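For reference, final_33.txt is printed below; it contains compact mmCIF, N, CA, C and O atoms.
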```txt
# COMPACT_ATOMS: atom_id res chain seq x y z
N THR A 117 -98.54 3.31 -1.65
CA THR A 117 -99.38 4.16 -0.81
C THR A 117 -100.46 4.77 -1.68
O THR A 117 -100.18 5.24 -2.79
N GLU A 118 -101.70 4.75 -1.20
CA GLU A 118 -102.81 5.38 -1.89
C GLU A 118 -103.64 6.14 -0.87
O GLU A 118 -104.00 5.60 0.18
N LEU A 119 -103.94 7.40 -1.17
CA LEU A 119 -104.66 8.28 -0.26
C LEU A 119 -105.71 9.04 -1.05
O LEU A 119 -105.37 9.84 -1.93
N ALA A 120 -106.98 8.81 -0.74
CA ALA A 120 -108.08 9.53 -1.36
C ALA A 120 -108.82 10.31 -0.29
O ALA A 120 -109.32 9.72 0.68
N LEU A 121 -108.89 11.62 -0.45
CA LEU A 121 -109.58 12.51 0.47
C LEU A 121 -110.83 13.05 -0.20
O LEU A 121 -110.78 13.51 -1.35
N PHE A 122 -111.95 12.98 0.51
CA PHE A 122 -113.23 13.57 0.11
C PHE A 122 -113.73 13.01 -1.22
O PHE A 122 -114.54 13.65 -1.89
N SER A 123 -113.25 11.83 -1.60
CA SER A 123 -113.59 11.19 -2.87
C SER A 123 -113.25 12.07 -4.07
O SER A 123 -113.81 11.88 -5.16
N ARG A 124 -112.37 13.04 -3.89
CA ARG A 124 -111.95 13.90 -4.99
C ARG A 124 -110.44 14.01 -5.13
O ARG A 124 -109.93 13.98 -6.26
N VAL A 125 -109.71 14.11 -4.03
CA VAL A 125 -108.27 14.35 -4.06
C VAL A 125 -107.59 12.99 -3.95
O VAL A 125 -107.54 12.40 -2.87
N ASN A 126 -107.06 12.48 -5.06
CA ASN A 126 -106.40 11.19 -5.09
C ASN A 126 -104.89 11.36 -5.04
O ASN A 126 -104.35 12.38 -5.48
N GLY A 127 -104.21 10.35 -4.51
CA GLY A 127 -102.77 10.33 -4.49
C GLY A 127 -102.22 8.92 -4.43
O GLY A 127 -102.74 8.08 -3.70
N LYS A 128 -101.18 8.65 -5.20
CA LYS A 128 -100.51 7.36 -5.22
C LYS A 128 -99.01 7.58 -5.10
O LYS A 128 -98.49 8.61 -5.53
N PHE A 129 -98.32 6.59 -4.54
CA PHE A 129 -96.89 6.71 -4.30
C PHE A 129 -96.33 5.29 -4.26
O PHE A 129 -96.50 4.60 -3.26
N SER A 130 -95.69 4.86 -5.34
CA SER A 130 -95.14 3.51 -5.43
C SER A 130 -93.63 3.59 -5.55
O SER A 130 -93.11 4.17 -6.50
N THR A 131 -92.93 2.99 -4.59
CA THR A 131 -91.48 3.07 -4.51
C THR A 131 -90.93 1.66 -4.45
O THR A 131 -91.33 0.87 -3.59
N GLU A 132 -90.00 1.33 -5.34
CA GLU A 132 -89.41 0.00 -5.37
C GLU A 132 -87.90 0.09 -5.44
O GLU A 132 -87.35 0.79 -6.30
N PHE A 133 -87.23 -0.62 -4.54
CA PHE A 133 -85.79 -0.83 -4.60
C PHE A 133 -85.54 -2.30 -4.89
O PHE A 133 -86.32 -3.16 -4.46
N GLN A 134 -84.49 -2.59 -5.64
CA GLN A 134 -84.12 -3.96 -5.94
C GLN A 134 -82.62 -4.06 -6.09
O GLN A 134 -82.02 -3.34 -6.90
N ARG A 135 -82.00 -4.94 -5.31
CA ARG A 135 -80.58 -5.20 -5.36
C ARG A 135 -80.37 -6.66 -5.73
O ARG A 135 -81.07 -7.53 -5.21
N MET A 136 -79.45 -6.91 -6.64
CA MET A 136 -78.99 -8.26 -6.94
C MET A 136 -77.48 -8.24 -6.88
O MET A 136 -76.85 -7.28 -7.33
N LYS A 137 -76.90 -9.29 -6.32
CA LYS A 137 -75.46 -9.37 -6.15
C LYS A 137 -75.03 -10.78 -6.48
O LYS A 137 -75.77 -11.73 -6.21
N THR A 138 -73.85 -10.92 -7.07
CA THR A 138 -73.32 -12.22 -7.46
C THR A 138 -71.81 -12.21 -7.28
O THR A 138 -71.15 -11.25 -7.66
N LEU A 139 -71.28 -13.27 -6.69
CA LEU A 139 -69.85 -13.46 -6.57
C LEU A 139 -69.51 -14.89 -6.95
O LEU A 139 -70.27 -15.81 -6.66
N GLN A 140 -68.38 -15.06 -7.62
CA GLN A 140 -67.91 -16.38 -7.97
C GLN A 140 -66.41 -16.39 -7.81
O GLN A 140 -65.73 -15.48 -8.27
N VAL A 141 -65.89 -17.42 -7.15
CA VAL A 141 -64.46 -17.60 -6.98
C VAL A 141 -64.13 -19.02 -7.38
O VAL A 141 -64.82 -19.96 -6.95
N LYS A 142 -63.11 -19.20 -8.20
CA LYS A 142 -62.74 -20.51 -8.70
C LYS A 142 -61.23 -20.64 -8.69
O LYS A 142 -60.54 -19.85 -9.33
N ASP A 143 -60.72 -21.61 -7.95
CA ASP A 143 -59.29 -21.83 -7.83
C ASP A 143 -58.95 -23.23 -8.29
O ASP A 143 -59.62 -24.19 -7.93
N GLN A 144 -57.88 -23.35 -9.07
CA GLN A 144 -57.34 -24.65 -9.43
C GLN A 144 -55.85 -24.63 -9.19
O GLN A 144 -55.18 -23.67 -9.56
N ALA A 145 -55.35 -25.69 -8.58
CA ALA A 145 -53.92 -25.86 -8.35
C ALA A 145 -53.57 -27.28 -8.73
O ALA A 145 -53.99 -28.23 -8.06
N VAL A 146 -52.83 -27.44 -9.81
CA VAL A 146 -52.39 -28.74 -10.29
C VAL A 146 -50.89 -28.83 -10.11
O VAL A 146 -50.16 -27.94 -10.54
N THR A 147 -50.44 -29.89 -9.47
CA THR A 147 -49.02 -30.13 -9.27
C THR A 147 -48.71 -31.52 -9.79
O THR A 147 -49.47 -32.46 -9.55
N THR A 148 -47.62 -31.65 -10.53
CA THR A 148 -47.24 -32.91 -11.13
C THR A 148 -45.74 -33.07 -10.98
O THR A 148 -44.99 -32.12 -11.18
N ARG A 149 -45.30 -34.27 -10.63
CA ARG A 149 -43.88 -34.55 -10.49
C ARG A 149 -43.60 -35.95 -11.00
O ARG A 149 -44.16 -36.92 -10.48
N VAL A 150 -42.74 -36.05 -11.99
CA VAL A 150 -42.32 -37.32 -12.56
C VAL A 150 -40.84 -37.48 -12.29
O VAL A 150 -40.09 -36.51 -12.41
N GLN A 151 -40.42 -38.67 -11.92
CA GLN A 151 -39.03 -38.89 -11.55
C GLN A 151 -38.62 -40.29 -11.99
O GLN A 151 -39.07 -41.27 -11.41
N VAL A 152 -37.77 -40.36 -13.00
CA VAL A 152 -37.27 -41.61 -13.55
C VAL A 152 -35.81 -41.74 -13.20
O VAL A 152 -35.07 -40.75 -13.26
N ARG A 153 -35.38 -42.94 -12.83
CA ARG A 153 -33.97 -43.17 -12.54
C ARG A 153 -33.60 -44.57 -13.00
O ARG A 153 -34.04 -45.55 -12.40
N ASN A 154 -32.80 -44.66 -14.05
CA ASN A 154 -32.33 -45.94 -14.55
C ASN A 154 -30.88 -46.12 -14.14
O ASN A 154 -30.07 -45.21 -14.29
N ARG A 155 -30.56 -47.30 -13.64
CA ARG A 155 -29.18 -47.68 -13.36
C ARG A 155 -28.90 -48.94 -14.15
O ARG A 155 -29.45 -49.99 -13.83
N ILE A 156 -28.08 -48.86 -15.18
CA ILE A 156 -27.93 -49.99 -16.09
C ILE A 156 -26.79 -50.88 -15.64
O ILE A 156 -27.01 -52.02 -15.22
N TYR A 157 -25.57 -50.37 -15.70
CA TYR A 157 -24.39 -51.15 -15.38
C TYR A 157 -23.70 -50.58 -14.16
O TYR A 157 -23.92 -49.43 -13.79
N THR A 158 -22.86 -51.39 -13.54
CA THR A 158 -21.90 -50.92 -12.56
C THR A 158 -20.52 -51.29 -13.06
O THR A 158 -20.19 -52.48 -13.13
N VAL A 159 -19.72 -50.30 -13.41
CA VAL A 159 -18.41 -50.53 -14.00
C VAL A 159 -17.36 -50.37 -12.92
O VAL A 159 -17.36 -49.37 -12.20
N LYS A 160 -16.48 -51.35 -12.79
CA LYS A 160 -15.43 -51.31 -11.79
C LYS A 160 -14.09 -51.58 -12.43
O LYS A 160 -14.01 -52.25 -13.47
N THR A 161 -13.03 -51.07 -11.81
CA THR A 161 -11.69 -51.34 -12.30
C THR A 161 -11.22 -52.70 -11.84
O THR A 161 -11.43 -53.09 -10.68
N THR A 162 -10.58 -53.43 -12.73
CA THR A 162 -9.99 -54.70 -12.37
C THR A 162 -8.91 -54.48 -11.32
O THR A 162 -8.14 -53.52 -11.43
N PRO A 163 -8.84 -55.31 -10.28
CA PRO A 163 -7.81 -55.09 -9.25
C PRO A 163 -6.40 -55.19 -9.77
O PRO A 163 -5.48 -54.68 -9.12
N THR A 164 -6.19 -55.82 -10.92
CA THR A 164 -4.85 -56.00 -11.48
C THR A 164 -4.49 -54.93 -12.49
O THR A 164 -3.62 -55.15 -13.34
N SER A 165 -5.13 -53.77 -12.43
CA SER A 165 -4.88 -52.76 -13.45
C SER A 165 -3.66 -51.91 -13.08
O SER A 165 -3.16 -51.94 -11.96
N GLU A 166 -3.19 -51.15 -14.06
CA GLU A 166 -1.95 -50.40 -13.95
C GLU A 166 -2.20 -48.91 -14.11
O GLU A 166 -3.18 -48.48 -14.72
N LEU B 167 -9.13 -71.15 -9.83
CA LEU B 167 -9.02 -69.76 -9.44
C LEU B 167 -8.54 -68.91 -10.61
O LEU B 167 -7.81 -69.37 -11.49
N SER B 168 -8.96 -67.65 -10.61
CA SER B 168 -8.59 -66.76 -11.69
C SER B 168 -7.11 -66.42 -11.60
O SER B 168 -6.44 -66.69 -10.60
N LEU B 169 -6.59 -65.83 -12.67
CA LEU B 169 -5.19 -65.46 -12.68
C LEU B 169 -4.89 -64.42 -11.62
O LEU B 169 -3.93 -64.57 -10.85
N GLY B 170 -5.71 -63.37 -11.54
CA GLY B 170 -5.42 -62.30 -10.60
C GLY B 170 -5.52 -62.74 -9.15
O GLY B 170 -4.70 -62.34 -8.32
N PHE B 171 -6.52 -63.55 -8.83
CA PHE B 171 -6.66 -64.03 -7.46
C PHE B 171 -5.46 -64.88 -7.07
O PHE B 171 -4.92 -64.74 -5.97
N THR B 172 -5.03 -65.75 -7.98
CA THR B 172 -3.83 -66.54 -7.72
C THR B 172 -2.63 -65.65 -7.51
O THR B 172 -1.82 -65.89 -6.62
N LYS B 173 -2.48 -64.61 -8.34
CA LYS B 173 -1.33 -63.73 -8.21
C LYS B 173 -1.31 -63.02 -6.87
O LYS B 173 -0.26 -62.93 -6.22
N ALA B 174 -2.46 -62.52 -6.43
CA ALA B 174 -2.52 -61.86 -5.13
C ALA B 174 -2.19 -62.84 -4.01
O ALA B 174 -1.47 -62.50 -3.06
N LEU B 175 -2.71 -64.07 -4.11
CA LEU B 175 -2.39 -65.06 -3.09
C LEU B 175 -0.91 -65.38 -3.07
O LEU B 175 -0.31 -65.54 -2.00
N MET B 176 -0.29 -65.49 -4.25
CA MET B 176 1.15 -65.74 -4.30
C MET B 176 1.92 -64.59 -3.67
O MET B 176 2.93 -64.82 -3.00
N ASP B 177 1.48 -63.36 -3.90
CA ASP B 177 2.16 -62.23 -3.28
C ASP B 177 2.08 -62.30 -1.77
O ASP B 177 3.06 -62.04 -1.07
N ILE B 178 0.91 -62.65 -1.24
CA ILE B 178 0.79 -62.78 0.21
C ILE B 178 1.68 -63.91 0.72
O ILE B 178 2.33 -63.79 1.77
N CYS B 179 1.73 -65.02 -0.01
CA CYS B 179 2.59 -66.13 0.39
C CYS B 179 4.05 -65.72 0.42
O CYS B 179 4.78 -66.06 1.36
N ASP B 180 4.49 -64.98 -0.59
CA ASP B 180 5.88 -64.54 -0.63
C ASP B 180 6.18 -63.57 0.50
O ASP B 180 7.24 -63.65 1.13
N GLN B 181 5.26 -62.64 0.78
CA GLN B 181 5.48 -61.72 1.89
C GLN B 181 5.56 -62.46 3.21
O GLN B 181 6.39 -62.11 4.06
N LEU B 182 4.73 -63.48 3.41
CA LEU B 182 4.84 -64.29 4.61
C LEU B 182 6.17 -65.03 4.65
O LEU B 182 6.81 -65.13 5.70
N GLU B 183 6.60 -65.55 3.50
CA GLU B 183 7.87 -66.26 3.42
C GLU B 183 9.04 -65.36 3.78
O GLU B 183 10.01 -65.81 4.39
N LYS B 184 8.95 -64.07 3.43
CA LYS B 184 9.97 -63.12 3.84
C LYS B 184 9.90 -62.76 5.31
O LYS B 184 10.56 -61.81 5.72
N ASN B 185 9.10 -63.48 6.10
CA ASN B 185 9.01 -63.28 7.54
C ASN B 185 8.64 -61.84 7.88
O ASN B 185 9.07 -61.27 8.89
N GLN B 186 7.82 -61.25 7.02
CA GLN B 186 7.40 -59.86 7.18
C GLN B 186 5.88 -59.85 7.29
O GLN B 186 5.18 -59.70 6.29
N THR B 187 5.38 -60.00 8.52
CA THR B 187 3.95 -60.08 8.75
C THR B 187 3.28 -58.72 8.69
O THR B 187 2.05 -58.65 8.82
N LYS B 188 4.03 -57.64 8.52
CA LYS B 188 3.41 -56.33 8.52
C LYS B 188 2.69 -56.06 7.20
O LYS B 188 1.47 -55.89 7.18
N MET B 189 3.43 -56.02 6.10
CA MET B 189 2.76 -55.85 4.82
C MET B 189 2.04 -57.11 4.37
O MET B 189 1.27 -57.05 3.41
N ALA B 190 2.26 -58.24 5.03
CA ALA B 190 1.44 -59.41 4.74
C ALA B 190 -0.02 -59.14 5.08
O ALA B 190 -0.92 -59.40 4.28
N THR B 191 -0.28 -58.59 6.27
CA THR B 191 -1.65 -58.28 6.65
C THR B 191 -2.22 -57.16 5.81
O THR B 191 -3.41 -57.18 5.46
N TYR B 192 -1.40 -56.16 5.47
CA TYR B 192 -1.86 -55.11 4.57
C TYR B 192 -2.26 -55.68 3.21
O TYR B 192 -3.31 -55.32 2.66
N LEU B 193 -1.44 -56.56 2.67
CA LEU B 193 -1.75 -57.18 1.39
C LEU B 193 -3.00 -58.03 1.49
O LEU B 193 -3.81 -58.06 0.55
N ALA B 194 -3.19 -58.73 2.60
CA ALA B 194 -4.41 -59.50 2.80
C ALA B 194 -5.64 -58.60 2.84
O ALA B 194 -6.68 -58.93 2.26
N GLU B 195 -5.54 -57.47 3.53
CA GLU B 195 -6.67 -56.55 3.57
C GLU B 195 -6.95 -55.98 2.19
O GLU B 195 -8.11 -55.76 1.82
N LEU B 196 -5.90 -55.74 1.40
CA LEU B 196 -6.11 -55.34 0.01
C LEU B 196 -6.84 -56.43 -0.76
O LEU B 196 -7.70 -56.14 -1.59
N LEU B 197 -6.48 -57.68 -0.51
CA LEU B 197 -7.20 -58.79 -1.14
C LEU B 197 -8.67 -58.75 -0.77
O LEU B 197 -9.54 -58.94 -1.63
N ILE B 198 -8.96 -58.51 0.50
CA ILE B 198 -10.35 -58.44 0.94
C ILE B 198 -11.07 -57.31 0.23
O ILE B 198 -12.21 -57.47 -0.23
N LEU B 199 -10.43 -56.15 0.13
CA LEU B 199 -11.07 -55.02 -0.53
C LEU B 199 -11.33 -55.31 -2.00
O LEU B 199 -12.39 -54.96 -2.52
N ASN B 200 -10.39 -55.95 -2.69
CA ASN B 200 -10.56 -56.17 -4.12
C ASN B 200 -11.53 -57.29 -4.42
O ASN B 200 -12.28 -57.21 -5.40
N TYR B 201 -11.54 -58.36 -3.62
CA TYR B 201 -12.33 -59.53 -3.95
C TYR B 201 -13.43 -59.82 -2.94
O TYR B 201 -14.13 -60.82 -3.08
N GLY B 202 -13.61 -58.98 -1.94
CA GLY B 202 -14.72 -59.17 -1.05
C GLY B 202 -14.54 -60.36 -0.12
O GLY B 202 -13.50 -61.00 -0.07
N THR B 203 -15.61 -60.66 0.60
CA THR B 203 -15.58 -61.65 1.66
C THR B 203 -15.93 -63.05 1.18
O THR B 203 -15.25 -64.01 1.51
N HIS B 204 -17.00 -63.19 0.41
CA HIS B 204 -17.40 -64.50 -0.07
C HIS B 204 -17.17 -64.61 -1.57
O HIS B 204 -16.85 -63.64 -2.25
N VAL B 205 -17.34 -65.82 -2.08
CA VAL B 205 -17.34 -66.08 -3.50
C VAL B 205 -18.68 -66.68 -3.87
O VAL B 205 -19.15 -67.61 -3.20
N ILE B 206 -19.30 -66.15 -4.90
CA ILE B 206 -20.63 -66.59 -5.30
C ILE B 206 -20.51 -67.88 -6.09
O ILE B 206 -19.86 -67.93 -7.14
N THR B 207 -21.16 -68.93 -5.60
CA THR B 207 -21.16 -70.21 -6.29
C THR B 207 -22.44 -70.47 -7.05
O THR B 207 -22.45 -71.35 -7.91
N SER B 208 -23.51 -69.73 -6.77
CA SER B 208 -24.76 -69.94 -7.48
C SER B 208 -25.56 -68.66 -7.48
O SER B 208 -25.71 -68.02 -6.44
N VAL B 209 -26.11 -68.31 -8.64
CA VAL B 209 -26.98 -67.16 -8.79
C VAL B 209 -28.27 -67.65 -9.42
O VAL B 209 -28.39 -68.80 -9.84
N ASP B 210 -29.25 -66.76 -9.50
CA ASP B 210 -30.50 -67.04 -10.18
C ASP B 210 -30.74 -65.92 -11.18
O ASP B 210 -31.15 -64.82 -10.81
N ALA B 211 -30.49 -66.19 -12.45
CA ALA B 211 -30.77 -65.20 -13.47
C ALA B 211 -32.27 -64.99 -13.54
O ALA B 211 -33.04 -65.95 -13.51
N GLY B 212 -32.70 -63.74 -13.62
CA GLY B 212 -34.11 -63.48 -13.66
C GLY B 212 -34.44 -62.01 -13.72
O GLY B 212 -33.56 -61.18 -13.97
N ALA B 213 -35.69 -61.67 -13.48
CA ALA B 213 -36.14 -60.29 -13.51
C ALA B 213 -37.27 -60.13 -12.52
O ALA B 213 -37.89 -61.10 -12.11
N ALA B 214 -37.52 -58.89 -12.12
CA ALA B 214 -38.57 -58.62 -11.16
C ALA B 214 -39.13 -57.25 -11.42
O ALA B 214 -38.47 -56.39 -11.99
N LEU B 215 -40.36 -57.04 -10.97
CA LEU B 215 -41.06 -55.80 -11.24
C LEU B 215 -42.10 -55.57 -10.16
O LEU B 215 -42.79 -56.51 -9.77
N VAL B 216 -42.20 -54.35 -9.67
CA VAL B 216 -43.22 -53.98 -8.70
C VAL B 216 -43.84 -52.67 -9.14
O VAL B 216 -43.12 -51.71 -9.41
```

Please go through the file and, once you have read it, give me the structure as structure tokens.
Amino acid sequence: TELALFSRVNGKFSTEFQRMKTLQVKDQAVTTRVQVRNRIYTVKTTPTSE
Amino acid sequence: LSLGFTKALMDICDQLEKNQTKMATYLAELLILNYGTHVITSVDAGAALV
């Protein structure tokens, strides 16, 4: 704002507002599942055992 | 025939010879349980992977 009256009385009025905003969200979800199953032998009793 | 299979068969034969069909059938079912239904005459040795 600038106001000059009678070419003698001067006035100035400078007003500034400034807002800055920042947001960051970061999500990580790692899931891991390992499953090993070995079956080597099948052992049975002889039918003629005691 | 193997020794054990022959022995089980002889036991069933003797039980039948004793005119006792009750434990004869029980002994036969035991034979089925111990030696299964079929006899494998041919296999294919090998391996597989998926």

I need the residue nearest chain A from this list: B:191, B:172, B:200, B:177. Use only N, CA, C and O atoms for the distance. B:200

Which residues are close to residue B:182, i.e. within 12 Å by only C-alpha atoms, leaving aside same-chain residues fewer than 6 positions away? Reply as a ChimeraX atom specification. /B:175-176,188-194

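Remark: for chain B, the closest of the candidate residues A:117, A:151, A:162, A:130 is A:162 (distances computed over all atoms listed in the file).
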
Just to confirm, what's the straight-line distance from atom C of residue B:184 to atom O of residue A:161 in Å (one decimal)? 28.4 Å

Find the residues in chain B near chain A: any atom within 12 Å counts, using only C-alpha atoms. Write them as a PDB file with N, CA, C and O atoms, in the frame of the given file.
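Result file out_14.pdb:
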```pdb
ATOM      1  N   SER B 168      -8.960 -67.650 -10.610  1.00  0.00           N
ATOM      2  CA  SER B 168      -8.590 -66.760 -11.690  1.00  0.00           C
ATOM      3  C   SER B 168      -7.110 -66.420 -11.600  1.00  0.00           C
ATOM      4  O   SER B 168      -6.440 -66.690 -10.600  1.00  0.00           O
ATOM      5  N   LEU B 169      -6.590 -65.830 -12.670  1.00  0.00           N
ATOM      6  CA  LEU B 169      -5.190 -65.460 -12.680  1.00  0.00           C
ATOM      7  C   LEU B 169      -4.890 -64.420 -11.620  1.00  0.00           C
ATOM      8  O   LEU B 169      -3.930 -64.570 -10.850  1.00  0.00           O
ATOM      9  N   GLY B 170      -5.710 -63.370 -11.540  1.00  0.00           N
ATOM     10  CA  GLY B 170      -5.420 -62.300 -10.600  1.00  0.00           C
ATOM     11  C   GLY B 170      -5.520 -62.740  -9.150  1.00  0.00           C
ATOM     12  O   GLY B 170      -4.700 -62.340  -8.320  1.00  0.00           O
ATOM     13  N   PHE B 171      -6.520 -63.550  -8.830  1.00  0.00           N
ATOM     14  CA  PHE B 171      -6.660 -64.030  -7.460  1.00  0.00           C
ATOM     15  C   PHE B 171      -5.460 -64.880  -7.070  1.00  0.00           C
ATOM     16  O   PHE B 171      -4.920 -64.740  -5.970  1.00  0.00           O
ATOM     17  N   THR B 172      -5.030 -65.750  -7.980  1.00  0.00           N
ATOM     18  CA  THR B 172      -3.830 -66.540  -7.720  1.00  0.00           C
ATOM     19  C   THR B 172      -2.630 -65.650  -7.510  1.00  0.00           C
ATOM     20  O   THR B 172      -1.820 -65.890  -6.620  1.00  0.00           O
ATOM     21  N   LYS B 173      -2.480 -64.610  -8.340  1.00  0.00           N
ATOM     22  CA  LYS B 173      -1.330 -63.730  -8.210  1.00  0.00           C
ATOM     23  C   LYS B 173      -1.310 -63.020  -6.870  1.00  0.00           C
ATOM     24  O   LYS B 173      -0.260 -62.930  -6.220  1.00  0.00           O
ATOM     25  N   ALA B 174      -2.460 -62.520  -6.430  1.00  0.00           N
ATOM     26  CA  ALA B 174      -2.520 -61.860  -5.130  1.00  0.00           C
ATOM     27  C   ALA B 174      -2.190 -62.840  -4.010  1.00  0.00           C
ATOM     28  O   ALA B 174      -1.470 -62.500  -3.060  1.00  0.00           O
ATOM     29  N   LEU B 196      -5.900 -55.740   1.400  1.00  0.00           N
ATOM     30  CA  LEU B 196      -6.110 -55.340   0.010  1.00  0.00           C
ATOM     31  C   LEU B 196      -6.840 -56.430  -0.760  1.00  0.00           C
ATOM     32  O   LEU B 196      -7.700 -56.140  -1.590  1.00  0.00           O
ATOM     33  N   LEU B 197      -6.480 -57.680  -0.510  1.00  0.00           N
ATOM     34  CA  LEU B 197      -7.200 -58.790  -1.140  1.00  0.00           C
ATOM     35  C   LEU B 197      -8.670 -58.750  -0.770  1.00  0.00           C
ATOM     36  O   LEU B 197      -9.540 -58.940  -1.630  1.00  0.00           O
ATOM     37  N   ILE B 198      -8.960 -58.510   0.500  1.00  0.00           N
ATOM     38  CA  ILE B 198     -10.350 -58.440   0.940  1.00  0.00           C
ATOM     39  C   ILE B 198     -11.070 -57.310   0.230  1.00  0.00           C
ATOM     40  O   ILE B 198     -12.210 -57.470  -0.230  1.00  0.00           O
ATOM     41  N   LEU B 199     -10.430 -56.150   0.130  1.00  0.00           N
ATOM     42  CA  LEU B 199     -11.070 -55.020  -0.530  1.00  0.00           C
ATOM     43  C   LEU B 199     -11.330 -55.310  -2.000  1.00  0.00           C
ATOM     44  O   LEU B 199     -12.390 -54.960  -2.520  1.00  0.00           O
ATOM     45  N   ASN B 200     -10.390 -55.950  -2.690  1.00  0.00           N
ATOM     46  CA  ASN B 200     -10.560 -56.170  -4.120  1.00  0.00           C
ATOM     47  C   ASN B 200     -11.530 -57.290  -4.420  1.00  0.00           C
ATOM     48  O   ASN B 200     -12.280 -57.210  -5.400  1.00  0.00           O
ATOM     49  N   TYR B 201     -11.540 -58.360  -3.620  1.00  0.00           N
ATOM     50  CA  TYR B 201     -12.330 -59.530  -3.950  1.00  0.00           C
ATOM     51  C   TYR B 201     -13.430 -59.820  -2.940  1.00  0.00           C
ATOM     52  O   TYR B 201     -14.130 -60.820  -3.080  1.00  0.00           O
ATOM     53  N   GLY B 202     -13.610 -58.980  -1.940  1.00  0.00           N
ATOM     54  CA  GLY B 202     -14.720 -59.170  -1.050  1.00  0.00           C
ATOM     55  C   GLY B 202     -14.540 -60.360  -0.120  1.00  0.00           C
ATOM     56  O   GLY B 202     -13.500 -61.000  -0.070  1.00  0.00           O
TER      57      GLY B 202
END
```

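From atom N of residue B:167 back to atom C of residue A:157, the distance works out to 25.6 Å.
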
Between atom CA of residue B:205 and atom CA of residue B:179, what distance in Å does the model show, to one decimal? 20.3 Å

As a ChimeraX atom specification, please: every residue in chain A that a backbone DSSP assignment puts in strand (DSSP E or B). /A:118-121,125-128
